[PDB]
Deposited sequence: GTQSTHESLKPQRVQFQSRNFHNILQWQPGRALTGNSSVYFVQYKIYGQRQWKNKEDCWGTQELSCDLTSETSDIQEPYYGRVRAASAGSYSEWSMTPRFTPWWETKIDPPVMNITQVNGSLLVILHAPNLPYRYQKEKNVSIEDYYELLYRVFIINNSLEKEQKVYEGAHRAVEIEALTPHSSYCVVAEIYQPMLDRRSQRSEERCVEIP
């Protein structure tokens, strides 16, 4: 009756806590999160008594190298499931980066997927730097570009994570 498959969907450092219902009376969910090592669990008030099977914990898990936990308990008709916890979640490690969106005019302008750090009021580093992302531009067959910027010269792009040797899937084109 515990929430099932409780995990973080992590794309572009948007960390959606998600889960399945599990054995049955309609259920609601209470999402809690914490940084590994915290004794207390933070209640996710936006997802607290939710009938939703996911919970955006992005703001809550925006120290990207931080080990995070999310857990969900279900409650139906007064009875509460046990807390279903996620594995330890480290956005930095776990998150998947979408392709950059690529505009050409060639003048290729790569837009990183929307990344929560786009929003950080004060930045000491670019988003690409922050997220240690690279843009890779290819011309269907060769890597014509790799950098954290946008490039002077069919063309496709991806984001590479030098640190994890992870390349996003391809941009369109």
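The deposited chain is incompletely modelled, with C-alpha atoms absent over 1-8, 33-35, 117-121, 157-162, 176-185, 206-211.
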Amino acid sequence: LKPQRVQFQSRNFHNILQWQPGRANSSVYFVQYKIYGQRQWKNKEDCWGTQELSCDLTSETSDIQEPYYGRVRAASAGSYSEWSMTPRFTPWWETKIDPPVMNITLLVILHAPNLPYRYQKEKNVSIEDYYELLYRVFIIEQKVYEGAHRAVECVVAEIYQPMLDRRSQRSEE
From here on, numbers count along this sequence of modelled residues.
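Stretches compared: 79-87, 94-102. Higher mean C-alpha B-factor in the entry: 94-102.
Per-stretch averaging of Cα B factors for 107-115 and 56-64 places 107-115 on top. Set against one another, the Cα B-factors of 15, 18, 25, 161 in the record reach their highest point at 25. In the deposited entry, the Cα temperature factor of residue 139 places it in the highest third of its chain's modelled residues. Among the modelled residues of its chain, residue 124 has a C-alpha B-factor that falls in the highest third, as given in the PDB entry. In this PDB entry, the Cα temperature factor of residue 47 sits in the top third of its chain's modelled residues, the highest group.
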